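Q: Sending over my_file.cif (mmCIF, C-alpha atoms).
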```cif
data_my_file
loop_
_atom_site.group_PDB
_atom_site.id
_atom_site.type_symbol
_atom_site.label_atom_id
_atom_site.label_comp_id
_atom_site.auth_asym_id
_atom_site.auth_seq_id
_atom_site.Cartn_x
_atom_site.Cartn_y
_atom_site.Cartn_z
ATOM 1 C CA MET O 1 132.450 126.575 258.230
ATOM 2 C CA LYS O 2 131.255 124.298 255.274
ATOM 3 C CA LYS O 3 128.397 126.174 253.474
ATOM 4 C CA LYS O 4 125.820 123.486 252.666
ATOM 5 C CA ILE O 5 124.988 123.813 248.975
ATOM 6 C CA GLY O 6 122.470 121.604 247.175
ATOM 7 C CA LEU O 7 123.574 119.938 243.964
ATOM 8 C CA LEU O 8 120.604 119.267 241.696
ATOM 9 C CA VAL O 9 121.679 116.896 238.899
ATOM 10 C CA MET O 10 119.094 116.408 236.128
ATOM 11 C CA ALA O 11 118.495 114.123 233.114
ATOM 12 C CA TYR O 12 115.796 112.640 230.883
ATOM 13 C CA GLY O 13 115.599 109.260 232.639
ATOM 14 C CA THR O 14 115.557 105.657 231.410
ATOM 15 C CA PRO O 15 113.609 102.489 232.367
ATOM 16 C CA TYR O 16 115.095 100.500 235.288
ATOM 17 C CA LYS O 17 113.394 97.230 234.375
ATOM 18 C CA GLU O 18 111.420 95.989 231.351
ATOM 19 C CA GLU O 19 108.065 96.560 233.102
ATOM 20 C CA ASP O 20 108.966 100.268 233.341
ATOM 21 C CA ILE O 21 109.010 100.731 229.549
ATOM 22 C CA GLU O 22 105.209 101.142 229.394
ATOM 23 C CA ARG O 23 104.762 103.809 232.112
ATOM 24 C CA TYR O 24 107.983 105.524 230.908
ATOM 25 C CA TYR O 25 106.629 105.808 227.340
ATOM 26 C CA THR O 26 103.272 106.874 228.840
ATOM 27 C CA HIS O 27 104.851 109.778 230.797
ATOM 28 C CA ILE O 28 106.804 110.842 227.672
ATOM 29 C CA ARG O 29 103.499 110.899 225.704
ATOM 30 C CA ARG O 30 101.906 113.316 228.232
ATOM 31 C CA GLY O 31 100.161 110.410 229.993
ATOM 32 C CA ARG O 32 98.872 108.925 226.735
ATOM 33 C CA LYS O 33 99.433 105.159 226.818
ATOM 34 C CA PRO O 34 101.263 103.790 223.739
ATOM 35 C CA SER O 35 99.630 101.257 221.380
ATOM 36 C CA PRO O 36 100.733 97.563 221.148
ATOM 37 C CA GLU O 37 102.576 98.328 217.881
ATOM 38 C CA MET O 38 104.663 101.227 219.305
ATOM 39 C CA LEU O 39 105.352 99.343 222.529
ATOM 40 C CA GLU O 40 106.696 96.259 220.722
ATOM 41 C CA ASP O 41 108.987 98.467 218.587
ATOM 42 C CA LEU O 42 110.360 100.252 221.671
ATOM 43 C CA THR O 43 110.774 96.916 223.496
ATOM 44 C CA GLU O 44 112.522 95.461 220.415
ATOM 45 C CA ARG O 45 115.033 98.363 220.200
ATOM 46 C CA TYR O 46 116.057 97.746 223.818
ATOM 47 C CA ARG O 47 116.484 93.980 223.189
ATOM 48 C CA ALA O 48 118.690 94.822 220.157
ATOM 49 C CA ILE O 49 121.144 96.991 222.155
ATOM 50 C CA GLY O 50 121.616 94.315 224.851
ATOM 51 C CA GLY O 51 119.059 95.273 227.485
ATOM 52 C CA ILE O 52 117.667 98.136 229.536
ATOM 53 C CA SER O 53 119.434 97.564 232.887
ATOM 54 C CA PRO O 54 123.075 98.505 232.045
ATOM 55 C CA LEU O 55 121.867 101.893 230.747
ATOM 56 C CA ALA O 56 120.088 102.722 234.005
ATOM 57 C CA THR O 57 123.108 102.988 236.335
ATOM 58 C CA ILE O 58 125.224 105.479 234.309
ATOM 59 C CA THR O 59 123.250 108.614 235.262
ATOM 60 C CA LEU O 60 123.272 107.927 239.027
ATOM 61 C CA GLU O 61 126.985 107.022 238.919
ATOM 62 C CA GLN O 62 127.771 110.334 237.161
ATOM 63 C CA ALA O 63 125.853 112.224 239.840
ATOM 64 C CA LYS O 64 127.438 110.302 242.755
ATOM 65 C CA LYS O 65 131.052 110.471 241.524
ATOM 66 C CA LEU O 66 130.573 114.216 240.950
ATOM 67 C CA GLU O 67 129.326 114.719 244.542
ATOM 68 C CA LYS O 68 132.437 112.928 245.852
ATOM 69 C CA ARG O 69 134.956 114.696 243.591
ATOM 70 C CA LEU O 70 133.519 118.130 244.463
ATOM 71 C CA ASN O 71 133.917 117.695 248.244
ATOM 72 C CA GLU O 72 137.522 116.509 247.693
ATOM 73 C CA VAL O 73 138.910 119.223 245.405
ATOM 74 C CA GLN O 74 137.840 122.049 247.772
ATOM 75 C CA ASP O 75 137.427 122.700 251.520
ATOM 76 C CA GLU O 76 135.122 125.726 251.385
ATOM 77 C CA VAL O 77 131.711 124.170 250.631
ATOM 78 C CA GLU O 78 129.905 120.895 251.312
ATOM 79 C CA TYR O 79 127.908 119.733 248.287
ATOM 80 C CA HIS O 80 124.799 117.631 248.899
ATOM 81 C CA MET O 81 123.601 115.919 245.710
ATOM 82 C CA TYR O 82 120.012 115.264 244.632
ATOM 83 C CA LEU O 83 119.022 113.516 241.371
ATOM 84 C CA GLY O 84 115.869 114.580 239.510
ATOM 85 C CA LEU O 85 114.691 112.853 236.326
ATOM 86 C CA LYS O 86 112.065 114.072 233.872
ATOM 87 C CA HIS O 87 110.176 110.899 232.913
ATOM 88 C CA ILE O 88 110.814 108.471 235.816
ATOM 89 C CA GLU O 89 111.507 108.245 239.577
ATOM 90 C CA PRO O 90 113.158 110.044 241.261
ATOM 91 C CA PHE O 91 111.229 112.848 239.527
ATOM 92 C CA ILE O 92 112.586 116.423 239.584
ATOM 93 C CA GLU O 93 109.792 117.540 241.924
ATOM 94 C CA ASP O 94 110.456 114.772 244.460
ATOM 95 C CA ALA O 95 114.175 115.655 244.365
ATOM 96 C CA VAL O 96 113.621 119.376 245.093
ATOM 97 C CA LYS O 97 111.144 118.348 247.808
ATOM 98 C CA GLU O 98 113.848 116.334 249.587
ATOM 99 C CA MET O 99 116.239 119.281 249.191
ATOM 100 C CA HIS O 100 113.644 121.494 250.921
ATOM 101 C CA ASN O 101 113.152 119.070 253.853
ATOM 102 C CA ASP O 102 116.929 118.886 254.447
ATOM 103 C CA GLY O 103 117.095 122.704 254.862
ATOM 104 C CA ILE O 104 119.039 123.436 251.645
ATOM 105 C CA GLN O 105 118.700 127.198 250.949
ATOM 106 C CA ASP O 106 120.702 127.489 247.720
ATOM 107 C CA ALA O 107 121.169 124.817 245.068
ATOM 108 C CA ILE O 108 123.194 124.662 241.874
ATOM 109 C CA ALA O 109 121.357 122.951 239.016
ATOM 110 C CA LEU O 110 123.309 120.971 236.439
ATOM 111 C CA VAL O 111 121.714 119.408 233.349
ATOM 112 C CA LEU O 112 123.527 116.369 231.924
ATOM 113 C CA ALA O 113 123.652 117.848 228.430
ATOM 114 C CA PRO O 114 126.309 120.420 227.475
ATOM 115 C CA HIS O 115 124.182 122.694 225.252
ATOM 116 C CA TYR O 116 121.581 125.350 226.000
ATOM 117 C CA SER O 117 118.150 125.012 224.413
ATOM 118 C CA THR O 118 114.712 126.342 225.353
ATOM 119 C CA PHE O 119 113.550 122.738 225.696
ATOM 120 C CA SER O 120 116.258 121.971 228.275
ATOM 121 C CA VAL O 121 115.742 125.202 230.271
ATOM 122 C CA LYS O 122 111.973 124.692 230.554
ATOM 123 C CA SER O 123 112.226 120.897 230.973
ATOM 124 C CA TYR O 124 114.747 120.994 233.811
ATOM 125 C CA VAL O 125 115.826 124.273 235.457
ATOM 126 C CA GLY O 126 112.446 125.984 234.899
ATOM 127 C CA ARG O 127 110.542 122.932 236.176
ATOM 128 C CA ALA O 128 112.775 122.799 239.274
ATOM 129 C CA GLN O 129 112.273 126.524 239.989
ATOM 130 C CA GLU O 130 108.475 126.075 239.925
ATOM 131 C CA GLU O 131 108.611 123.936 243.089
ATOM 132 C CA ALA O 132 111.367 126.086 244.629
ATOM 133 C CA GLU O 133 108.948 129.054 244.659
ATOM 134 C CA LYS O 134 105.967 126.877 245.630
ATOM 135 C CA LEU O 135 107.698 125.725 248.840
ATOM 136 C CA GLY O 136 109.583 128.953 249.644
ATOM 137 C CA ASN O 137 113.096 129.927 250.824
ATOM 138 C CA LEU O 138 114.920 127.867 248.159
ATOM 139 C CA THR O 139 116.864 129.547 245.344
ATOM 140 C CA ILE O 140 117.973 127.327 242.460
ATOM 141 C CA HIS O 141 120.825 128.644 240.313
ATOM 142 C CA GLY O 142 120.743 127.187 236.799
ATOM 143 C CA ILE O 143 123.823 126.532 234.678
ATOM 144 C CA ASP O 144 122.840 127.531 231.102
ATOM 145 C CA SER O 145 125.424 125.392 229.283
ATOM 146 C CA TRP O 146 128.968 124.001 229.576
ATOM 147 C CA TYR O 147 130.092 123.109 226.025
ATOM 148 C CA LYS O 148 132.954 125.685 226.036
ATOM 149 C CA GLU O 149 134.581 124.120 229.123
ATOM 150 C CA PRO O 150 138.260 123.204 228.336
ATOM 151 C CA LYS O 151 138.048 119.706 229.894
ATOM 152 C CA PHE O 152 134.849 118.887 227.985
ATOM 153 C CA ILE O 153 136.438 119.771 224.637
ATOM 154 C CA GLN O 154 139.664 117.971 225.668
ATOM 155 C CA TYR O 155 137.693 114.773 226.456
ATOM 156 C CA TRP O 156 136.274 114.624 222.941
ATOM 157 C CA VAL O 157 139.463 115.848 221.306
ATOM 158 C CA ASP O 158 141.325 112.983 223.073
ATOM 159 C CA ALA O 159 138.557 110.483 222.178
ATOM 160 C CA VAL O 160 138.599 111.421 218.482
ATOM 161 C CA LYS O 161 142.432 111.577 218.484
ATOM 162 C CA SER O 162 142.580 107.868 219.379
ATOM 163 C CA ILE O 163 140.497 106.693 216.383
ATOM 164 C CA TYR O 164 142.160 109.003 213.836
ATOM 165 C CA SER O 165 145.694 107.972 214.981
ATOM 166 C CA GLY O 166 144.895 104.317 214.175
ATOM 167 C CA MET O 167 143.924 105.175 210.593
ATOM 168 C CA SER O 168 146.236 104.882 207.609
ATOM 169 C CA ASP O 169 147.099 108.310 206.173
ATOM 170 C CA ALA O 170 145.134 107.361 203.037
ATOM 171 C CA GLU O 171 141.941 106.486 204.971
ATOM 172 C CA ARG O 172 142.340 109.746 206.926
ATOM 173 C CA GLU O 173 141.937 111.609 203.622
ATOM 174 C CA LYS O 174 138.669 109.716 202.989
ATOM 175 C CA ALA O 175 137.275 110.121 206.523
ATOM 176 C CA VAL O 176 134.801 112.602 208.039
ATOM 177 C CA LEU O 177 133.982 113.489 211.650
ATOM 178 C CA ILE O 178 130.206 113.731 212.177
ATOM 179 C CA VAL O 179 129.219 115.785 215.196
ATOM 180 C CA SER O 180 125.670 115.366 216.515
ATOM 181 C CA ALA O 181 122.972 116.113 219.088
ATOM 182 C CA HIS O 182 119.282 115.372 219.670
ATOM 183 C CA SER O 183 117.033 117.175 217.164
ATOM 184 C CA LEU O 184 114.344 119.675 218.180
ATOM 185 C CA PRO O 185 111.367 121.195 216.285
ATOM 186 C CA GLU O 186 112.563 123.887 213.826
ATOM 187 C CA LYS O 187 110.302 126.517 215.497
ATOM 188 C CA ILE O 188 113.006 127.255 218.058
ATOM 189 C CA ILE O 189 115.295 128.870 215.444
ATOM 190 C CA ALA O 190 112.846 131.664 214.570
ATOM 191 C CA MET O 191 112.265 131.999 218.338
ATOM 192 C CA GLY O 192 115.957 132.776 218.969
ATOM 193 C CA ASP O 193 117.238 129.458 220.335
ATOM 194 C CA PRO O 194 121.054 129.306 219.834
ATOM 195 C CA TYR O 195 121.180 125.481 220.219
ATOM 196 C CA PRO O 196 122.275 124.696 216.609
ATOM 197 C CA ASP O 197 124.777 127.575 216.853
ATOM 198 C CA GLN O 198 126.272 126.056 220.056
ATOM 199 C CA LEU O 199 126.609 122.622 218.405
ATOM 200 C CA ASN O 200 128.296 124.227 215.391
ATOM 201 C CA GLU O 201 130.852 125.856 217.688
ATOM 202 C CA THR O 202 131.402 122.572 219.611
ATOM 203 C CA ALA O 203 132.241 120.857 216.297
ATOM 204 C CA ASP O 204 134.701 123.680 215.437
ATOM 205 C CA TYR O 205 136.583 123.341 218.756
ATOM 206 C CA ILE O 206 136.803 119.530 218.639
ATOM 207 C CA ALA O 207 137.834 119.333 214.972
ATOM 208 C CA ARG O 208 140.490 122.044 215.479
ATOM 209 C CA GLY O 209 142.057 120.536 218.628
ATOM 210 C CA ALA O 210 141.981 117.003 217.170
ATOM 211 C CA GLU O 211 143.486 118.361 213.927
ATOM 212 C CA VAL O 212 140.799 116.653 211.802
ATOM 213 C CA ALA O 213 140.664 117.836 208.170
ATOM 214 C CA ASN O 214 136.961 117.088 207.495
ATOM 215 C CA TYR O 215 133.921 117.509 209.702
ATOM 216 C CA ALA O 216 130.166 118.136 209.585
ATOM 217 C CA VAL O 217 127.268 118.723 211.976
ATOM 218 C CA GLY O 218 124.261 116.385 211.956
ATOM 219 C CA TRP O 219 121.175 115.639 214.069
ATOM 220 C CA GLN O 220 119.474 112.527 215.438
ATOM 221 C CA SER O 221 116.517 111.049 217.359
ATOM 222 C CA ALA O 222 113.907 113.457 215.943
ATOM 223 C CA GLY O 223 110.360 112.873 217.148
ATOM 224 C CA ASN O 224 107.197 112.180 215.193
ATOM 225 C CA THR O 225 105.156 115.364 214.669
ATOM 226 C CA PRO O 226 103.579 117.205 211.710
ATOM 227 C CA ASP O 227 106.051 120.008 212.491
ATOM 228 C CA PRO O 228 109.529 119.623 210.918
ATOM 229 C CA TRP O 229 112.543 118.951 213.167
ATOM 230 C CA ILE O 230 116.084 120.367 212.736
ATOM 231 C CA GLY O 231 118.054 118.503 210.067
ATOM 232 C CA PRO O 232 119.849 117.055 208.376
ATOM 233 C CA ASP O 233 119.467 113.723 210.172
ATOM 234 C CA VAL O 234 122.700 111.688 210.581
ATOM 235 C CA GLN O 235 121.392 108.834 208.379
ATOM 236 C CA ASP O 236 120.642 111.148 205.446
ATOM 237 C CA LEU O 237 123.784 113.259 206.015
ATOM 238 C CA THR O 238 125.990 110.146 205.701
ATOM 239 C CA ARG O 239 124.611 109.425 202.196
ATOM 240 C CA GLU O 240 124.938 113.060 201.046
ATOM 241 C CA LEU O 241 128.602 113.530 202.079
ATOM 242 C CA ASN O 242 129.583 110.130 200.646
ATOM 243 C CA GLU O 243 127.922 111.153 197.365
ATOM 244 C CA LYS O 244 129.396 114.626 196.656
ATOM 245 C CA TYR O 245 132.648 114.107 198.762
ATOM 246 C CA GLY O 246 133.269 110.331 198.636
ATOM 247 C CA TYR O 247 133.924 109.665 202.312
ATOM 248 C CA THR O 248 134.569 105.960 202.937
ATOM 249 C CA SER O 249 134.866 106.392 206.699
ATOM 250 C CA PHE O 250 132.605 108.148 209.200
ATOM 251 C CA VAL O 251 133.408 108.934 212.853
ATOM 252 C CA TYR O 252 130.318 109.617 214.929
ATOM 253 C CA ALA O 253 130.739 111.963 217.886
ATOM 254 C CA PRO O 254 127.211 112.303 219.462
ATOM 255 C CA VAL O 255 128.385 115.278 221.484
ATOM 256 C CA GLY O 256 124.872 116.267 222.744
ATOM 257 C CA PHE O 257 124.831 113.086 224.820
ATOM 258 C CA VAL O 258 126.963 112.289 227.852
ATOM 259 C CA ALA O 259 126.114 108.579 228.048
ATOM 260 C CA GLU O 260 125.576 105.384 226.051
ATOM 261 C CA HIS O 261 121.786 105.361 226.205
ATOM 262 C CA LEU O 262 119.207 104.165 223.646
ATOM 263 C CA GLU O 263 119.933 107.206 221.439
ATOM 264 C CA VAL O 264 123.619 106.303 221.036
ATOM 265 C CA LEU O 265 123.429 102.484 221.057
ATOM 266 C CA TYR O 266 120.551 102.375 218.578
ATOM 267 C CA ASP O 267 120.352 105.662 216.678
ATOM 268 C CA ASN O 268 124.125 105.636 216.033
ATOM 269 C CA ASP O 269 125.534 102.099 216.533
ATOM 270 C CA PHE O 270 122.605 100.400 214.817
ATOM 271 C CA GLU O 271 120.962 102.857 212.371
ATOM 272 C CA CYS O 272 124.102 104.692 211.168
ATOM 273 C CA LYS O 273 126.092 101.464 210.693
ATOM 274 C CA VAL O 274 123.238 100.416 208.358
ATOM 275 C CA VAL O 275 124.031 103.480 206.215
ATOM 276 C CA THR O 276 127.805 102.871 206.206
ATOM 277 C CA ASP O 277 127.474 99.135 205.370
ATOM 278 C CA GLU O 278 125.343 100.174 202.372
ATOM 279 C CA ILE O 279 127.709 102.742 200.867
ATOM 280 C CA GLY O 280 130.756 100.476 201.435
ATOM 281 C CA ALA O 281 132.120 102.684 204.222
ATOM 282 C CA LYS O 282 133.691 102.174 207.655
ATOM 283 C CA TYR O 283 131.969 102.958 210.971
ATOM 284 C CA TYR O 284 133.525 104.442 214.117
ATOM 285 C CA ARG O 285 131.899 105.624 217.337
ATOM 286 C CA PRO O 286 134.245 106.414 220.268
ATOM 287 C CA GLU O 287 133.478 105.914 223.961
ATOM 288 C CA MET O 288 130.814 108.192 225.432
ATOM 289 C CA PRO O 289 131.912 110.108 228.564
ATOM 290 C CA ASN O 290 129.604 107.984 230.792
ATOM 291 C CA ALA O 291 131.033 108.014 234.347
ATOM 292 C CA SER O 292 134.727 108.207 233.364
ATOM 293 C CA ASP O 293 136.915 110.112 235.821
ATOM 294 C CA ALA O 294 138.047 112.678 233.242
ATOM 295 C CA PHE O 295 134.400 113.476 232.528
ATOM 296 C CA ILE O 296 133.641 113.804 236.260
ATOM 297 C CA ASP O 297 136.618 116.204 236.644
ATOM 298 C CA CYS O 298 135.162 118.280 233.798
ATOM 299 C CA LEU O 299 131.796 118.470 235.611
ATOM 300 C CA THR O 300 133.556 119.381 238.839
ATOM 301 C CA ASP O 301 135.059 122.458 237.126
ATOM 302 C CA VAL O 302 131.726 123.597 235.629
ATOM 303 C CA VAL O 303 130.164 123.476 239.122
ATOM 304 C CA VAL O 304 133.100 125.269 240.814
ATOM 305 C CA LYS O 305 132.926 127.963 238.095
ATOM 306 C CA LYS O 306 129.162 128.424 238.603
ATOM 307 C CA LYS O 307 129.530 128.706 242.394
ATOM 308 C CA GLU O 308 132.191 131.407 241.953
ATOM 309 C CA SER O 309 129.668 133.371 239.861
ATOM 310 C CA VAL O 310 126.959 132.931 242.532
ATOM 311 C CA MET O 311 129.015 133.144 245.778
#
```
Show me, as structure tokens, the structure contained in the file I just sent.

A:
Amino acid sequence: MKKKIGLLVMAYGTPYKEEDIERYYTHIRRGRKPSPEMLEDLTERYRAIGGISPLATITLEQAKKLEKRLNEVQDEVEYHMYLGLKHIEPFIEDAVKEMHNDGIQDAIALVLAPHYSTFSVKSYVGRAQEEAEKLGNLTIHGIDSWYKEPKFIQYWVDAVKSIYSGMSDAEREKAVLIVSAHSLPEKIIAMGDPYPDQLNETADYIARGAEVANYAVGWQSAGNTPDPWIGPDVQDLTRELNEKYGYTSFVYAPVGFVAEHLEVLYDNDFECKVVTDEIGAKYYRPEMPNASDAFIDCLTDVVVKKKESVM
């Protein structure tokens, strides 16, 4: 009776121990080992945010809680979960290989990032489908995005509601909600990538449902290339809006991310707080979804919806 469906959950990956940092950075750099200088900086950023190990368990927990919740909320299908990471074990290819050996014929692929981009599609779903065809008899169905999902927007609306309801009505007038995601090279825009458009819309839904008067979209974690990346960066954006609009409070909602990883704990909690402390302004950053049960229930719906579209 229970149709066995594979659940391929994907993410970027993160070092498990400190002696993973090197080979992790190496993989990220297309196999090009990092220099002593760059390695020490990376290592230092991890020390600053309180270590690499607490970050490592969030992704797997998300995956595992999702597997359990899915097989509870419905009787029709048995979901068998497999985790594939981009830059560390278990790699995407070793995950889809296991899925093949177990006899899984159809699998639903879910990226742990709400927005569509060409980077994501080719990094995850496209990479997974390259082994699926190589081995034969396995069809992977990719979820394009899930930012418009009612329980995703409600999570962040609720999260932002908390912070704003503890503000004085005066501070509320001098506060701005800054909505962000990981930056990508600007080339994608000319190419037709609707990623910045999807983030813009996400900001509109969250601000509206939270009843927040002022908001703005920003970007973070841009790489180091000669090619320009999508801006403005959150650090620069903070200074600009404080200048022409005089915001003395900034609420960072890094909506492209689902977890407190290096990008949130450093790029927001460290680097943005530096900007706010300068301009004489207050800093707020609400809880990331991480493995919270309300987030898992959101992911359960996106997977039930996708299955209903795939039968």

Q: Can you tell me how far CA of residue 79 in chain O sits from CA of residue 102 in chain O, in Å to one decimal?

A: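 The value is 12.6 Å.
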
Q: CA of residue 299 in chain O and CA of residue 133 in chain O are how many Å apart?

A: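 Straight-line distance from CA of residue 299 in chain O to CA of residue 133 in chain O works out to 26.8 Å.
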
Q: So what does the PyMOL selection byres ((chain O and resi 111) around 9) actually pick up in this one, as JSON, numbers by chain?

A: {"O": [8, 9, 10, 11, 109, 110, 112, 113, 114, 120, 121, 124, 125, 142, 143, 144, 145]}

Q: Could you list the residues chosen by the PyMOL selection byres ((chain O and resi 311) around 12) in this structure as an MDAnalysis selection string?

A: chainID O and resid 3 5 76:77 106:108 141 303:310

Q: Would you kindly return, as a PyMOL selection string, each protein, DNA or RNA residue with an atom no farther than 9 Å from any atom of range 21-29 of chain O, considering all atoms listed in the file and excluding same-chain residues fewer than 3 positions away?

A: chain O and resi 13-18+32-34+39+42-43+86-88

Q: Wanna dump the range 45-138 of chain O-range 181-201 of chain O contacts at 9 Å for me, each residue with its shortest atom pair and the distance in Å to one decimal, counting all atoms listed in the file, ordered by chain and number, as JSON lines?

A:
```
{"residue": "O:115", "atom": "CA", "partner": "O:195", "partner_atom": "CA", "distance": 6.5}
{"residue": "O:116", "atom": "CA", "partner": "O:195", "partner_atom": "CA", "distance": 5.8}
{"residue": "O:117", "atom": "CA", "partner": "O:195", "partner_atom": "CA", "distance": 5.2}
{"residue": "O:118", "atom": "CA", "partner": "O:193", "partner_atom": "CA", "distance": 6.4}
{"residue": "O:119", "atom": "CA", "partner": "O:184", "partner_atom": "CA", "distance": 8.2}
```

Q: Can you tell me how far CA of residue 68 in chain O sits from CA of residue 4 in chain O, in Å to one decimal?

A: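 The value is 14.2 Å.
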
Q: What residues come out when you apply the PyMOL selection byres ((chain O and resi 232) around 12) to this file, written as a PyMOL selection string?

A: chain O and resi 178-184+186+196+216-222+228-231+233-241

Q: From the set O:261, O:122, O:127, O:65, which residue has the shortest atom-to-atom contact distance to residue 50 in chain O, counting all atoms listed in the file?

A: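 Once distances to residue 50 in chain O are computed over all atoms listed in the file, the minimum belongs to O:261.
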
Q: I'd like the neighbourhood of residue 274 in chain O as a compact mmCIF listing (two decimals) with C-alpha atoms, in the coordinates of the input, where a residue qualifies if any of its atoms comes within 10 Å (using all atoms listed in the file), though same-chain residues fewer than 5 positions away should be ignored.

A:
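As written to disk, part_21.txt reads:
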```
# COMPACT_ATOMS: atom_id res chain seq x y z
CA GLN O 235 121.39 108.83 208.38
CA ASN O 268 124.12 105.64 216.03
CA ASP O 269 125.53 102.10 216.53
CA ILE O 279 127.71 102.74 200.87
CA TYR O 283 131.97 102.96 210.97
```

Q: Which is closer to residue 205 in chain O than all the others in O:262, O:157, O:176, O:167, using only C-alpha atoms?

A: O:157

Q: Taking 3 positions as the minimum chain separation for residues in the same chain, which residues sit within 12 Å of residue 150 in chain O when counting all atoms listed in the file? Answer as a PDB file with C-alpha atoms, in the frame of the given file.

A:
```pdb
ATOM      1  CA  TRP O 146     128.968 124.001 229.576  1.00  0.00           C
ATOM      2  CA  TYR O 147     130.092 123.109 226.025  1.00  0.00           C
ATOM      3  CA  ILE O 153     136.438 119.771 224.637  1.00  0.00           C
ATOM      4  CA  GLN O 154     139.664 117.971 225.668  1.00  0.00           C
ATOM      5  CA  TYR O 155     137.693 114.773 226.456  1.00  0.00           C
ATOM      6  CA  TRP O 156     136.274 114.624 222.941  1.00  0.00           C
ATOM      7  CA  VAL O 157     139.463 115.848 221.306  1.00  0.00           C
ATOM      8  CA  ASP O 158     141.325 112.983 223.073  1.00  0.00           C
ATOM      9  CA  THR O 202     131.402 122.572 219.611  1.00  0.00           C
ATOM     10  CA  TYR O 205     136.583 123.341 218.756  1.00  0.00           C
ATOM     11  CA  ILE O 206     136.803 119.530 218.639  1.00  0.00           C
ATOM     12  CA  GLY O 209     142.057 120.536 218.628  1.00  0.00           C
ATOM     13  CA  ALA O 294     138.047 112.678 233.242  1.00  0.00           C
ATOM     14  CA  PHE O 295     134.400 113.476 232.528  1.00  0.00           C
ATOM     15  CA  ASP O 297     136.618 116.204 236.644  1.00  0.00           C
ATOM     16  CA  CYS O 298     135.162 118.280 233.798  1.00  0.00           C
ATOM     17  CA  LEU O 299     131.796 118.470 235.611  1.00  0.00           C
ATOM     18  CA  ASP O 301     135.059 122.458 237.126  1.00  0.00           C
ATOM     19  CA  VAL O 302     131.726 123.597 235.629  1.00  0.00           C
TER      20      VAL O 302
END
```
